[PDB]
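Taken one at a time, structure 1 and structure 2 that follow are two forms of one protein chain, written as structure tokens.
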Structure 1
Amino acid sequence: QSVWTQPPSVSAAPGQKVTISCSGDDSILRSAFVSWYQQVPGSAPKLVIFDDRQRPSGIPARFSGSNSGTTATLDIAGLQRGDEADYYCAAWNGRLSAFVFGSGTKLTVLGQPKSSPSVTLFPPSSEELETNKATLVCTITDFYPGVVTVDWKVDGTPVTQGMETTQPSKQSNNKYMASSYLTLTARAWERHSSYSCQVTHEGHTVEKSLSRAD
């Protein structure tokens, strides 16, 4: 594949460990050296493992790599706050003739209790509707860890088009916030009845809905 499969996120408390997998088709990773990169979303990635299991200068033995031939794994033991980052694997894919990255895994080093998202759903304003457009806004705040998935429904049916969600950003209290937008024409707004924003966080959903006729 042109992207290696990684879990979207992992978390653990300081002092604990995590394992991050990176997989390709069949045993394609036996044929290539896998490298791992650490990125704080505000900055460039940094090399932490090369040649499956070697560490560059300055990287502690807390970081280790393995490669099963099918799946490569990054192990991060003795977790510290500064380890918090997105992690990517990478390797040459000879079947595609390209250097391929994994899809990335967000690591949270748990510094406060879980906090479920506070969701608010807004209808389009009459002012926007005068321009022949309608945007619903679903604000999402005070969640920790900073990972959510957002699903929209219109008339009880999943929306597949016209949705976009921001990447979570940190609040002053180190919880996270994000916003999701459903963009429709004014006519489509007028021709549907119920609208729902569903936020999944740590395996549980928080949903807000409205009816246009209110």
Structure 2
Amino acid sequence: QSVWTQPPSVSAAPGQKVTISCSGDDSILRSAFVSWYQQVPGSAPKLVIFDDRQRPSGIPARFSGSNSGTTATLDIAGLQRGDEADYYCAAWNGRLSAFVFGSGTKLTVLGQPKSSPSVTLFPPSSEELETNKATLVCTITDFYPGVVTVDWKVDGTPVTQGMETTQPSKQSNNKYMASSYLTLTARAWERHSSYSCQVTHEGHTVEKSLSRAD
């Protein structure tokens, strides 16, 4: 594939152990040396594992790696506050003949109870409708950990364009917020009748919908 598959979120308390996994088609990873990179907000990626399981100078032995070939893994034990970051796997893909990264995993080192998002779904203003543009706004607040997946449906159909979602941002209370935007033409707003914003957080989805005639 063009992008290795990692889980979006993994989390655990300080002192505990987590596994971040990385995979491609069949057993493609067996043919390559996997590397892993840590990225904290504001910084560039830092190398933390290379050649499947080697640690560079400065990396503690509680970080470890492996490449079973189907699935590569980054295993971090004795979790500390400073391990909370995005982690990306990477490896050469000789079928594409390119260097491929994984989709990233946020490792949340748990510092509070888990919290489900509060979703609000706003309709487009009539002011905006005079531009022949309609924007529906889905606000998502008070969630922890700070990883959501946002999916939209128009008349039960998954929306494949005209939708974009902000990266999650830290609130003042230290939970996370984000917003999502479905932009249509004003003609489309009149045509369709049902809209849903679906926010999935830790496997459970919270949904708000809005019908045109209301």
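Here, residue number means position along structure 1's sequence, counting from 1. Whichever C-alpha set is largest while still superposing within 1.5 Å between the two forms counts as the rigid core.
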Discussion item. Can you tell me which of these residues, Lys175, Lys153, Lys46, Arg55, is the one whose C-alpha shifts by at least 2 angstroms between structure 1 and structure 2 after a rigid core fit?
Written reply: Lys153
Worksheet item: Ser194: with the rigid core matched between structure 1 and structure 2, does its Cα shift 2 Å or more?
Response: yes
Item to complete: Take the rigid core as the frame of reference and indicate whether the C-alpha of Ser27 shifts by 2 Å or more between structure 1 and structure 2.
Response: yes
Response to the item:
Core-superposed CA shift of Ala72 between structure 1 and structure 2, in Å, is 1.1
Worksheet item: What Cα shift, in Å, does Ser209 show between structure 1 and structure 2 once the core is superposed?
Response: 2.1
Item to complete: Quote the shift of the Cα of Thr166 between structure 1 and structure 2 to one decimal place in Å, the two forms being superposed on the rigid core.
Response: 0.7
